[PDB]
Amino acid sequence: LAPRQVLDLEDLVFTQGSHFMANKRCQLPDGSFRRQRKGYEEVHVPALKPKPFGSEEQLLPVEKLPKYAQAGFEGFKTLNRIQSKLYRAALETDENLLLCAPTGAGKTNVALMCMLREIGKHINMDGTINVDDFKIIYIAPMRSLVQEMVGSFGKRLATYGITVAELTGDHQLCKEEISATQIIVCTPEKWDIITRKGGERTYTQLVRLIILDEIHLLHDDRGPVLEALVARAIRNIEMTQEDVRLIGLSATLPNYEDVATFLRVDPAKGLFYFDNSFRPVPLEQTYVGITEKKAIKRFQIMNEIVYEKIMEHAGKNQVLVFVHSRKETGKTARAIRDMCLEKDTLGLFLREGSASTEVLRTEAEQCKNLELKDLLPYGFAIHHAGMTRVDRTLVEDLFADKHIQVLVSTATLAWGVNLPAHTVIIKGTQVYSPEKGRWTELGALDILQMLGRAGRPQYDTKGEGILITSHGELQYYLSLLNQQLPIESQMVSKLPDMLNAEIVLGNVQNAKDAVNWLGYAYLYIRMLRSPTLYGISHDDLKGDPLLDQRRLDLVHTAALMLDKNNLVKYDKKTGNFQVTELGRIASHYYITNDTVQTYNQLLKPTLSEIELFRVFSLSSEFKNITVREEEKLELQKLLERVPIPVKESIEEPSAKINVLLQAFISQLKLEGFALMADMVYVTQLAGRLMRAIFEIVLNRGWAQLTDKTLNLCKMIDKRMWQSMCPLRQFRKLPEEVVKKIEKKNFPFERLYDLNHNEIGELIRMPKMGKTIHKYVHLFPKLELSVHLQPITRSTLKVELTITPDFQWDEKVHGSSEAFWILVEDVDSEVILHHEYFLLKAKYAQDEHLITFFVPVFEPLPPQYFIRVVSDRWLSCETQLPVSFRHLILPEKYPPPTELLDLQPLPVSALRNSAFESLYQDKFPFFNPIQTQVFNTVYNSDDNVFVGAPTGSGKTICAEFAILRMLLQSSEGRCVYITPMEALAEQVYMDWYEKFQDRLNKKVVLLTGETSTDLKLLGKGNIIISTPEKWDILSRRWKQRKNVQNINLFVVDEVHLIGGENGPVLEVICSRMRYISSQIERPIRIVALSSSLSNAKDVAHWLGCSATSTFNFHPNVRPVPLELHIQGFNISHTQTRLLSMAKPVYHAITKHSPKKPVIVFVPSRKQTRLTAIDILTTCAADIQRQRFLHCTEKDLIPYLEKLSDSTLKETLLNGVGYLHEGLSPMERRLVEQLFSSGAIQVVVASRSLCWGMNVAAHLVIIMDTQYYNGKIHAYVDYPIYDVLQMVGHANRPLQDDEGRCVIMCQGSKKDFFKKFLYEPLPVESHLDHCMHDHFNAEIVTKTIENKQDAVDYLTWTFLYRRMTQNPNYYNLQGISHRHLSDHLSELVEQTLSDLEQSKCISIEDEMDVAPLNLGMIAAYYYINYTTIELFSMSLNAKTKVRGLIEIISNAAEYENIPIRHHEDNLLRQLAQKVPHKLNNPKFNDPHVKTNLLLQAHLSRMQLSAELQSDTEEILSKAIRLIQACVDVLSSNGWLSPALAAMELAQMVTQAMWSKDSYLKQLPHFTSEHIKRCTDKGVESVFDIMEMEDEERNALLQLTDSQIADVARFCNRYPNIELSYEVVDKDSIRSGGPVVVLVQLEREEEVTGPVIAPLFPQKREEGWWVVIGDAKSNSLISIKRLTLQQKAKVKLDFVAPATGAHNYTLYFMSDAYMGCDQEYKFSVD
Ligand SMILES: Nc1ccc(S(N)(=O)=O)cc1
């Protein structure tokens, strides 16, 4: 860091702004002549003769340019000279251009050619244009110019089918229909504001081309805005590494080549400069300058000058007279009218049609308003933006058809429309500037544009340009209009405000980056090329050619200002910058840094409305405003009429600004023309300044001032006071009708309770009654409902339900309405919590559930208030008290168990040498938690709880308990449960190699199927399982011996009991406790957990003493964690995500530049995007490959495996990523490289946070929400997922500390600050999941009566918490009476539900018994509502089609998620599948499971996540189908039962009901089968009996293909069937009939069922069925799995009268074409 020096900026700045001329000298063309007059002097420069054509360079006729570019040039047959000299550069290259041409030369159509080139790269063959793939931004300088640019461009690109729309003004949070526009047209200041936001990439992602029209605005006071835009754009292009083409369009002024440098233009390829010869129509010009200072006489001179120049054009010649006041237009038109008539009606009949050549047309349109009507009968007309509206557009008409001879207009016309006159006269050049608080000389931009309206391109060969101005000082205008006024940099003027925008953006983090930023500015180039202009000496430049000192000084000076005004924290030493919230707001709302200081110094929570209007007045953007003498009176009359007192402020600027704002809200008409210009200036600014004060004050939680300031923003926008009728906000309601309701002492709210007749009677306007009714019901209105529940004594969880109660109209509300959810304390003094809420039109009249947490303080208040205020509408709010009167706070939690700084335990504390051998090579001692826990877990047989921050190494704490069991028992039995499967598979691998390879005990992992799980539980010493797998086993604990005699039972992550799928965990742990006390040979419970606030309750529950319960606080974590929480106030998720991109990189460089980093992102697509962004930012930081820590050839053997191209590319650059579309191998590979240190950064999706055996030094969580398609909203990550992610920032061996940065919405910030720094409180949710467990317990006779059900509950964790946190479970009170009452009402409701669902029977009000439906639900582990639904929907006539629908409606498929835009995807799927659904909602998980079920049968391949869902669906499809069989057989329906069995075999093989049986064979296709049906092969048996040479002769093959096909036929069921009727003769009506089926196969069975498309290995299952096919009668059924051979017995009851015809059916649940049928008869 080099020494610095503070500069005087007011000395280096070009004070005079745009009017600055560094052009000390000057020259003139050939015609020099000047005429001296009395009062003034005339200067003449003649129109340049046209330059002869150069070598070739002929005009390019439209046919020459490409066929696709033909369109958009209708009306043209050839291109202009300019447009031809660069058709090649514009259309055939992508090079950056800078075009210098005179105004009117047609630079427009050059830019259009550039635009058409971009459109040309998305022609799409037959589809019109890939319109959603690109975007073009067009920066124009004036608002009026923008609007007509849109008009014209739309006319040219309609044939292309392209949307070009305006984006300028103040419309904040601009509509997402900008996604529908491809050419955004705007002003620089607007585009600067949009790109200051951060999420800019949401707009600019697709921007392939930006155009800078009238780029010579650089020299203007507005110039820095242009410098910022381009410097920002250029830098962003470097950071995305995505090409954006820049086109500069400029007027012919000096320094242009330096602008070409600025725009990264190649001088040789993309620079074009054309002098004044290339004007559209040659211009003869007069520059009259007045030498007379006397004010009144000065303007008489001027008026005399206008007069005589007009008259040199009598008949067929039009004159435009530009002036500089909305009203001066008339006082000049009538003045020349007074000048002409007075001197003998001078040259009248301007329209030389005394007999109506243009009089008949000018008197026919005469009935248009005020001054127009006056001047219309003859040649005079007028034009201004003075709200003249459609008149001025029909003045454009008549002036176009050259009827109107003389038009005097404001500058607006010159930019706004395309009408040129033969001669133009500009009068005065003086302009009032509200910002400077005075008159100044007008903008170079303005002059150039209007003077370039001289000479009609088609109707004129010459143009006359008269510029009237003051003689003194002004040949400025001559050099301006004759290629001589240079373009300079004004950057010093606005340096601190620009610096701040770049700091807030994250683009500059310190002084160093700041001087680099300056290097991208236009200022830099100019300081190098003209150091003397910019206050630098040639000697400084010589010894410092890059201007390091100057740029550092410049930056340091600015930074000091920003630090002083509290926008930026800046220290002299490091040169580092820190953004403050004040700076963030200042940048975003474009407010100068002086103002921020004032606001900060003045705003306080008790500001009055009177004082708030004062603070607005003191804003620095008003600092030059004064109170003139000639307005003193009008100001005093305004004051009396406005409502807010303006105290102590006499007529000072402060007071004037104050009443100017009030007068604007009050809609008071003005007459003072200086005053009107000042009002437009403060009122156009008032929106942003107010909104800035709003955000400042909202963020400090200031309740009263947030209300005041928000209302103030709404009042300025709606132009009405808060105390008028809300109905004024509807524009289409006649204003006198509204003032009529205000004239009553009548609350608006009451209109809701009146019909259209009572309303009409109230206003005594009967006609108006119905419309007022309509609008009353259009007004936004929300209803609120709250659901409260205490989490701890300091915090409560709040579920706010928001219910829209109004009629939606898109003409009034548009596509959405926004609201602020605020929660305030009792006194309404503090905002405890707030958040934005967006009510989309799509989901109006739809419930909305917002969940959040609020703080509370032990001497509790009676109420909090929740207000939901609209962000745009006045008087649109709804309030809801939240009573704390009956609130019961939870029991205060005990202190954490003290961490004992013991001497670290050595590995030799394990005495066993075999045991030590698997720890000694990794580490010498155990961590302080491991050593403290050691004596109790390794030298006891008793129950223990371990609560430590995730990462503390709790895994081996359980390993202690396992080793200790192995010591005690030879063939010990240990069951380990983890809530997550991905965790189970991780511990398996880790313990298999530890306990089976090293120690040779058995380690097994339970699976989906029960039989093979029972054997695994048999021979296993270590049983790994998830809770449901163990639930389905341990239900039958009475019957399965192996479940009882287990020695050690381990539960990991027991805090997950509080989460989703937590009840099943709670059930099985409780069962294990019950078994233990009921067998009197205790089972050892070891429970591992994250730090719990309520560990005592978990300890008591699992039978742990306090001395054997270890619960450590998060701040005692072996490796100290440094946690940072970073909020982003951005509601729109996709935007928020994008704006996190840079902070992600900055976190890596700040917190872990050398050590490993994991970045968690919310999705698959984001994982790839984030990694690519890190890479591209790396390269723009010039440190490309800085995350690679080996050579490329080190990686290449591993990368060769991978099949993702992009994954190779990123890894090659040091960054990996992990999503679920990668192979399990590809993921193992990436993890290996990461752990090795080779690659420094992995980006992973959150779903993978459980299945990653990888640790970093820095974990970054990039957003904490994900999309829920089911409720059309983004929802928060479970705190369990976040805790798990954070636990990854943990490397005990190498790191002194772990770091974690969590990036989230501001609405989520306070939440993380609580539940990450403190132990986590957990509750049960078993009460909302009670049915399936009661049903199972009743089926196994563990529950026989109501009392047993109450007793069962005493073993749960639910039972414990109910006393501790009653209001959480809806216990109104904590007495023992309340507990029993609740437990009883709970068992009552559950048992009554189970009975109504036909699962159980309640008898004598106390006893319960299992029924058929209950028994099948427990047997297949199916939810009770599912088999309730099955029995409800199944009938005698259901086919496979209805079966699929029924099964996909199961409640197990309720948790199949709907993801972002999966609806569009599923809608397409619906049109591709065989069966079409009726009224299908595409955000319905059951609709999706249906579609996926058909997609799987049709062998379609889909998105990766749709295939994961297809796998989840299939993982349950078989058990559900078997249930259907059971229910159908119970009802005795034959056909549906057989159908369900076909479904099982056709789900397995993944084929349809009438698909060829050959599809089961590998490698076969419809191409193959076609030649198989032709020869006569239809069955699998038919290829089986074929002899080898003939077999592969049928079609194509390979040695490996035939090998697989043959392998299939050796596992295919070759079974022979044999049957007999036992005592077939002595059988009688009503008696028993016994059918004995013998099954045997000519093969010894070994090998699972082969089914590549079914993702769960299953064994052959069979149904033996007997039926009557005539009556559709299922007589008897049996389900079996046979192995080699087996005897099957099944009986039934004989009917009457002898002979009956029966059928025996043999049915697979795994293969098609195996089904055998045998018919027979009896009696
Ligand atoms: N402007 C703004 C402020 C706060 C939030 S918040 N609290 O919802 O994140 C969003 C936008």
# chains A, B, ... in the order shown; residues from 1 in each chain; ligands from 1
call {"tool": "residues_near_ligand", "arguments": {"ligand": "ligand 1", "cutoff": "6 Å", "atoms": "only C-alpha atoms and all ligand atoms", "output": "ChimeraX atom specification"}}
result
/A:834-836,1129-1131,1305-1307
call {"tool": "residues_around", "arguments": {"residues": "residue 983 (chain A)", "least_positions_apart": "2", "cutoff": "12 Å", "atoms": "only C-alpha atoms", "output": "VMD selection string"}}
result
chain A and resid 955 976 to 981 985 to 990 1005 1024 to 1027 1052 to 1053 1248 to 1253 1284
call {"tool": "write_last_selection", "arguments": {"atoms": "N, CA, C and O atoms", "output": "short mmCIF file (atom, residue, chain, number, x, y, z; two decimals), in the first residue's frame"}}
result
data_model
loop_
_atom_site.label_atom_id
_atom_site.label_comp_id
_atom_site.auth_asym_id
_atom_site.auth_seq_id
_atom_site.Cartn_x
_atom_site.Cartn_y
_atom_site.Cartn_z
N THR A 955 -19.27 -40.55 15.84
CA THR A 955 -19.27 -41.86 15.19
C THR A 955 -18.48 -42.88 16.00
O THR A 955 -18.99 -43.96 16.31
N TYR A 976 -27.62 -50.69 14.64
CA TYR A 976 -27.35 -49.27 14.49
C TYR A 976 -28.39 -48.68 13.57
O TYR A 976 -28.62 -49.19 12.47
N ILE A 977 -29.03 -47.61 14.02
CA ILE A 977 -30.05 -46.94 13.24
C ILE A 977 -29.58 -45.54 12.88
O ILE A 977 -29.04 -44.84 13.73
N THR A 978 -29.75 -45.16 11.62
CA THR A 978 -29.59 -43.77 11.19
C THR A 978 -30.85 -43.34 10.47
O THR A 978 -31.40 -44.10 9.68
N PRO A 979 -31.30 -42.10 10.72
CA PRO A 979 -32.52 -41.59 10.07
C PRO A 979 -32.39 -41.51 8.56
O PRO A 979 -33.40 -41.63 7.87
N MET A 980 -31.18 -41.32 8.05
CA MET A 980 -30.96 -41.12 6.62
C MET A 980 -30.28 -42.33 5.97
O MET A 980 -29.33 -42.89 6.51
N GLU A 981 -30.77 -42.70 4.79
CA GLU A 981 -30.23 -43.84 4.06
C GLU A 981 -28.80 -43.57 3.61
O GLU A 981 -27.92 -44.43 3.74
N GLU A 985 -25.52 -46.02 4.33
CA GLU A 985 -24.60 -46.60 3.36
C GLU A 985 -23.17 -46.11 3.57
O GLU A 985 -22.21 -46.78 3.18
N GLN A 986 -23.03 -44.96 4.22
CA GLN A 986 -21.72 -44.38 4.53
C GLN A 986 -21.08 -45.10 5.71
O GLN A 986 -19.90 -45.41 5.68
N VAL A 987 -21.87 -45.34 6.76
CA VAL A 987 -21.38 -46.01 7.96
C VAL A 987 -21.07 -47.49 7.66
O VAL A 987 -20.16 -48.08 8.24
N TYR A 988 -21.84 -48.05 6.73
CA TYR A 988 -21.66 -49.43 6.30
C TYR A 988 -20.26 -49.66 5.77
O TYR A 988 -19.50 -50.47 6.31
N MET A 989 -19.92 -48.95 4.70
CA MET A 989 -18.58 -49.00 4.12
C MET A 989 -17.49 -48.77 5.16
O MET A 989 -16.49 -49.48 5.19
N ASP A 990 -17.69 -47.77 6.02
CA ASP A 990 -16.70 -47.42 7.03
C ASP A 990 -16.52 -48.52 8.08
O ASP A 990 -15.42 -48.73 8.58
N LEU A 1005 -26.12 -54.70 6.11
CA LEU A 1005 -26.93 -53.53 5.83
C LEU A 1005 -28.32 -53.97 5.39
O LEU A 1005 -28.47 -54.59 4.34
N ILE A 1024 -26.72 -52.53 10.25
CA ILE A 1024 -27.00 -51.14 9.87
C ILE A 1024 -28.35 -51.04 9.19
O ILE A 1024 -28.67 -51.84 8.30
N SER A 1025 -29.13 -50.05 9.61
CA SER A 1025 -30.48 -49.89 9.09
C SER A 1025 -31.03 -48.49 9.28
O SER A 1025 -30.64 -47.77 10.20
N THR A 1026 -31.94 -48.11 8.40
CA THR A 1026 -32.74 -46.91 8.56
C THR A 1026 -33.99 -47.26 9.38
O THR A 1026 -34.31 -48.44 9.53
N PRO A 1027 -34.70 -46.25 9.93
CA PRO A 1027 -35.74 -46.58 10.92
C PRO A 1027 -36.93 -47.40 10.42
O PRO A 1027 -37.46 -48.18 11.19
N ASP A 1052 -28.30 -42.95 16.06
CA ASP A 1052 -27.50 -41.80 15.66
C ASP A 1052 -28.42 -40.69 15.15
O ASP A 1052 -29.43 -40.96 14.52
N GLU A 1053 -28.04 -39.45 15.44
CA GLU A 1053 -28.81 -38.27 15.05
C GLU A 1053 -30.21 -38.31 15.64
O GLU A 1053 -31.18 -38.15 14.90
N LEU A 1248 -27.51 -33.64 -1.26
CA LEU A 1248 -26.30 -34.43 -1.14
C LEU A 1248 -25.54 -34.16 0.16
O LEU A 1248 -24.47 -34.71 0.36
N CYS A 1249 -26.10 -33.34 1.04
CA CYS A 1249 -25.39 -32.96 2.26
C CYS A 1249 -25.34 -34.11 3.26
O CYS A 1249 -24.56 -34.08 4.21
N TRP A 1250 -26.17 -35.11 3.04
CA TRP A 1250 -26.17 -36.28 3.90
C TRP A 1250 -25.22 -37.38 3.38
O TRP A 1250 -24.65 -38.14 4.16
N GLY A 1251 -25.05 -37.45 2.06
CA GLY A 1251 -24.23 -38.48 1.44
C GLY A 1251 -22.90 -37.98 0.90
O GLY A 1251 -22.56 -38.24 -0.26
N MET A 1252 -22.14 -37.28 1.73
CA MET A 1252 -20.81 -36.80 1.35
C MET A 1252 -19.81 -37.09 2.45
O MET A 1252 -19.92 -36.55 3.55
N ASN A 1253 -18.84 -37.95 2.15
CA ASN A 1253 -17.78 -38.26 3.10
C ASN A 1253 -16.58 -37.36 2.82
O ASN A 1253 -15.53 -37.82 2.39
N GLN A 1284 -26.40 -29.92 9.31
CA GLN A 1284 -25.60 -30.97 8.68
C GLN A 1284 -24.57 -30.38 7.71
O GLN A 1284 -23.43 -30.83 7.67
#
call {"tool": "residues_around", "arguments": {"residues": "region 33-45 of chain A", "least_positions_apart": "3", "cutoff": "10 Å", "atoms": "only C-alpha atoms", "output": "MDAnalysis selection string"}}
result
chainID A and resid 28:30 48 283:293 297:298 301:302 305 465:471 475 478 482
call {"tool": "write_last_selection", "arguments": {"atoms": "N, CA and C atoms", "output": "mmCIF file, in the first residue's frame"}}
result
data_model
loop_
_atom_site.group_PDB
_atom_site.id
_atom_site.type_symbol
_atom_site.label_atom_id
_atom_site.label_comp_id
_atom_site.auth_asym_id
_atom_site.auth_seq_id
_atom_site.Cartn_x
_atom_site.Cartn_y
_atom_site.Cartn_z
ATOM 1 N N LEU A 28 -13.239 28.117 -39.258
ATOM 2 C CA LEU A 28 -14.464 28.071 -40.040
ATOM 3 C C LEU A 28 -14.164 27.521 -41.423
ATOM 4 N N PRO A 29 -15.181 26.929 -42.072
ATOM 5 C CA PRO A 29 -15.113 26.467 -43.468
ATOM 6 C C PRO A 29 -14.805 27.577 -44.482
ATOM 7 N N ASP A 30 -15.152 27.344 -45.743
ATOM 8 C CA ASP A 30 -14.824 28.289 -46.806
ATOM 9 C C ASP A 30 -15.578 29.608 -46.638
ATOM 10 N N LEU A 48 -21.669 22.466 -46.865
ATOM 11 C CA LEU A 48 -20.545 21.822 -47.515
ATOM 12 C C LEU A 48 -21.032 21.138 -48.781
ATOM 13 N N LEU A 283 -26.427 21.731 -44.975
ATOM 14 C CA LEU A 283 -26.988 22.732 -44.078
ATOM 15 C C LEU A 283 -26.279 24.078 -44.161
ATOM 16 N N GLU A 284 -27.032 25.094 -44.574
ATOM 17 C CA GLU A 284 -26.566 26.474 -44.552
ATOM 18 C C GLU A 284 -27.043 27.108 -43.258
ATOM 19 N N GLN A 285 -26.104 27.601 -42.462
ATOM 20 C CA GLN A 285 -26.428 27.953 -41.089
ATOM 21 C C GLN A 285 -26.068 29.376 -40.684
ATOM 22 N N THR A 286 -26.889 29.953 -39.809
ATOM 23 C CA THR A 286 -26.640 31.293 -39.284
ATOM 24 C C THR A 286 -26.597 31.334 -37.751
ATOM 25 N N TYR A 287 -25.524 31.918 -37.225
ATOM 26 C CA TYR A 287 -25.283 31.969 -35.788
ATOM 27 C C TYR A 287 -25.335 33.404 -35.285
ATOM 28 N N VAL A 288 -26.540 33.958 -35.199
ATOM 29 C CA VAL A 288 -26.722 35.339 -34.750
ATOM 30 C C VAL A 288 -26.463 35.510 -33.248
ATOM 31 N N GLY A 289 -25.538 36.408 -32.915
ATOM 32 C CA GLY A 289 -25.176 36.668 -31.533
ATOM 33 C C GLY A 289 -25.435 38.111 -31.141
ATOM 34 N N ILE A 290 -26.194 38.314 -30.062
ATOM 35 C CA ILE A 290 -26.588 39.653 -29.609
ATOM 36 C C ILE A 290 -25.598 40.301 -28.619
ATOM 37 N N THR A 291 -25.203 41.539 -28.909
ATOM 38 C CA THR A 291 -24.210 42.253 -28.106
ATOM 39 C C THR A 291 -24.849 43.178 -27.066
ATOM 40 N N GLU A 292 -26.178 43.145 -26.982
ATOM 41 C CA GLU A 292 -26.942 44.047 -26.114
ATOM 42 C C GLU A 292 -27.312 43.436 -24.762
ATOM 43 N N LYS A 293 -26.859 44.069 -23.682
ATOM 44 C CA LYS A 293 -27.065 43.524 -22.341
ATOM 45 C C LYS A 293 -28.410 43.921 -21.713
ATOM 46 N N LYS A 297 -34.844 45.206 -23.940
ATOM 47 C CA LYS A 297 -34.465 45.495 -25.321
ATOM 48 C C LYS A 297 -33.805 44.283 -25.977
ATOM 49 N N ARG A 298 -33.202 43.419 -25.162
ATOM 50 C CA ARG A 298 -32.546 42.209 -25.658
ATOM 51 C C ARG A 298 -33.528 41.258 -26.339
ATOM 52 N N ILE A 301 -35.015 42.754 -29.680
ATOM 53 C CA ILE A 301 -34.026 42.473 -30.720
ATOM 54 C C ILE A 301 -34.215 41.061 -31.247
ATOM 55 N N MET A 302 -34.278 40.117 -30.317
ATOM 56 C CA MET A 302 -34.434 38.704 -30.625
ATOM 57 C C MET A 302 -35.684 38.426 -31.461
ATOM 58 N N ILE A 305 -35.406 39.432 -34.953
ATOM 59 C CA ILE A 305 -34.525 38.570 -35.724
ATOM 60 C C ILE A 305 -35.283 37.360 -36.260
ATOM 61 N N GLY A 465 -30.211 26.768 -41.077
ATOM 62 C CA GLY A 465 -30.098 26.585 -39.642
ATOM 63 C C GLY A 465 -29.754 27.869 -38.915
ATOM 64 N N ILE A 466 -30.759 28.504 -38.326
ATOM 65 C CA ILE A 466 -30.524 29.749 -37.612
ATOM 66 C C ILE A 466 -30.459 29.498 -36.109
ATOM 67 N N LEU A 467 -29.314 29.813 -35.515
ATOM 68 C CA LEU A 467 -29.142 29.676 -34.077
ATOM 69 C C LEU A 467 -28.945 31.030 -33.421
ATOM 70 N N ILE A 468 -30.007 31.540 -32.802
ATOM 71 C CA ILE A 468 -29.939 32.818 -32.101
ATOM 72 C C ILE A 468 -29.467 32.620 -30.664
ATOM 73 N N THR A 469 -28.459 33.392 -30.274
ATOM 74 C CA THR A 469 -27.872 33.278 -28.949
ATOM 75 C C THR A 469 -27.234 34.603 -28.571
ATOM 76 N N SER A 470 -26.584 34.648 -27.411
ATOM 77 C CA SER A 470 -25.865 35.852 -27.011
ATOM 78 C C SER A 470 -24.475 35.840 -27.624
ATOM 79 N N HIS A 471 -24.054 37.004 -28.114
ATOM 80 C CA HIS A 471 -22.775 37.145 -28.792
ATOM 81 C C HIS A 471 -21.629 36.762 -27.869
ATOM 82 N N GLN A 475 -18.964 31.399 -29.327
ATOM 83 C CA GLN A 475 -18.636 30.751 -30.587
ATOM 84 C C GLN A 475 -18.482 29.289 -30.181
ATOM 85 N N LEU A 478 -20.590 27.528 -32.464
ATOM 86 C CA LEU A 478 -19.955 27.338 -33.761
ATOM 87 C C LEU A 478 -19.061 26.099 -33.762
ATOM 88 N N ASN A 482 -19.707 22.471 -35.702
ATOM 89 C CA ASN A 482 -18.745 22.327 -36.790
ATOM 90 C C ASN A 482 -17.547 21.430 -36.484
#
call {"tool": "select_by_dssp", "arguments": {"residues": "region 826-984 of chain A", "states": "strand (DSSP E)", "output": "ChimeraX atom specification"}}
result
/A:831-840,848-855,863-870,877-883,944-947,974-977
call {"tool": "closest_residue", "arguments": {"among": "A:561, A:433, A:615, A:805", "to": "residue 679 (chain A)", "atoms": "only C-alpha atoms"}}
result
A:433
call {"tool": "residues_around", "arguments": {"residues": "region 1697-1714 of chain A", "least_positions_apart": "4", "cutoff": "7 Å", "atoms": "only C-alpha atoms", "output": "ChimeraX atom specification"}}
result
/A:1541,1544-1546,1548-1549,1557,1613,1660-1668,1718-1723
call {"tool": "closest_residue", "arguments": {"among": "A:601, A:1438, A:412, A:666", "to": "residue 1538 (chain A)", "atoms": "only C-alpha atoms"}}
result
A:1438
call {"tool": "residues_around", "arguments": {"residues": "residue 1521 (chain A)", "least_positions_apart": "4", "cutoff": "7 Å", "atoms": "only C-alpha atoms", "output": "list in words"}}
result
residues 1517, 1525, 1540 and 1544 of chain A
call {"tool": "closest_atom_pairs", "arguments": {"of": "region 395-497 of chain A", "to": "region 362-370 of chain A", "cutoff": "10 Å", "atoms": "only C-alpha atoms", "output": "Markdown table"}}
result
| residue | atom | partner | partner_atom | distance |
| --- | --- | --- | --- | --- |
| A:395 | CA | A:365 | CA | 9.6 |
| A:398 | CA | A:362 | CA | 8.0 |
| A:403 | CA | A:362 | CA | 7.2 |
| A:404 | CA | A:362 | CA | 7.8 |
call {"tool": "select_by_dssp", "arguments": {"residues": "region 834-966 of chain A", "states": "helix (DSSP H, G or I)", "output": "ChimeraX atom specification"}}
result
/A:841-843,907-909,913-916,928-938,955-966
call {"tool": "closest_residue", "arguments": {"among": "A:151, A:50, A:506, A:906", "to": "residue 1147 (chain A)", "atoms": "only C-alpha atoms"}}
result
A:506
call {"tool": "residues_around", "arguments": {"residues": "residue 1592 (chain A)", "least_positions_apart": "3", "cutoff": "12 Å", "atoms": "only C-alpha atoms", "output": "ChimeraX atom specification"}}
result
/A:1568,1572,1583-1584,1586-1589,1595-1603,1605-1606
call {"tool": "residues_around", "arguments": {"residues": "region 1119-1125 of chain A", "least_positions_apart": "5", "cutoff": "9 Å", "atoms": "only C-alpha atoms", "output": "list in words"}}
result
residues 951, 952, 1114, 1286, 1289, 1290, 1291, 1292, 1295, 1296, 1297, 1298, 1299, 1300, 1301, 1302, 1303, 1304, 1309, 1312, 1313, 1316 and 1317 of chain A
